[PDB]
Amino acid sequence: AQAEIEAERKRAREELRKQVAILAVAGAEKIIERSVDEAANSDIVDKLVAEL
Amino acid sequence: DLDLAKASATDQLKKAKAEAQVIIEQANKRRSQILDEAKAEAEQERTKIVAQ
């Protein structure tokens with residue numbers, strides 16, 4: 001059983017990582033869409049056209 | 001007398017050999033009981049540590 005406990009620890013750690021991982025980006029999307037403006041838009045477009 | 005002594009004496013050993021077989025068979029059957037008890041109790045032991 002010393003291995004079947006370890007498998008359960010690894011698996012729980014993985015599921016926890018998964019939830020935090022999806023929350024990170026799901027939140028980042030809301031932060032972006034809430035905090036953009038045409039200066040921020042211009043900076044990005046003008047940076048990327050300069051490597052076009 | 002000599003023939004009946006021969007007969008009754010020689011039948012003893014034929015009889016006793018079957019009881020040596022009785023003892024070896026009983027030995028192995030109770031041995032199976034030993035093992036098939038210890039296995040199930042070790043199973044419950046591992047399950048207890050697992051639940052813990």
# chains A, B, ... in the order shown; residues from 1 in each chain; ligands from 1
>>> interface_residues(of="chain B", to="chain A", cutoff="12 Å", atoms="only C-alpha atoms", output="list in words")
residues 42, 43, 44, 45, 46, 47, 48, 49, 50, 51 and 52 of chain B
>>> write_last_selection(atoms="C-alpha atoms", output="short mmCIF file (atom, residue, chain, number, x, y, z; two decimals), in the first residue's frame")
data_model
loop_
_atom_site.label_atom_id
_atom_site.label_comp_id
_atom_site.auth_asym_id
_atom_site.auth_seq_id
_atom_site.Cartn_x
_atom_site.Cartn_y
_atom_site.Cartn_z
CA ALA B 42 -3.35 -8.57 5.75
CA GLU B 43 -5.77 -7.30 3.11
CA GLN B 44 -7.87 -5.58 5.76
CA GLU B 45 -4.68 -4.22 7.34
CA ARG B 46 -3.53 -2.60 4.11
CA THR B 47 -7.03 -1.23 3.59
CA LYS B 48 -6.95 0.34 7.06
CA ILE B 49 -3.66 2.11 6.44
CA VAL B 50 -5.02 3.15 3.04
CA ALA B 51 -8.14 4.75 4.50
CA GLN B 52 -5.91 6.50 7.04
#
>>> atom_distance(atom1="CA of residue 52 in chain A", atom2="CA of residue 35 in chain A")
26.1 Å
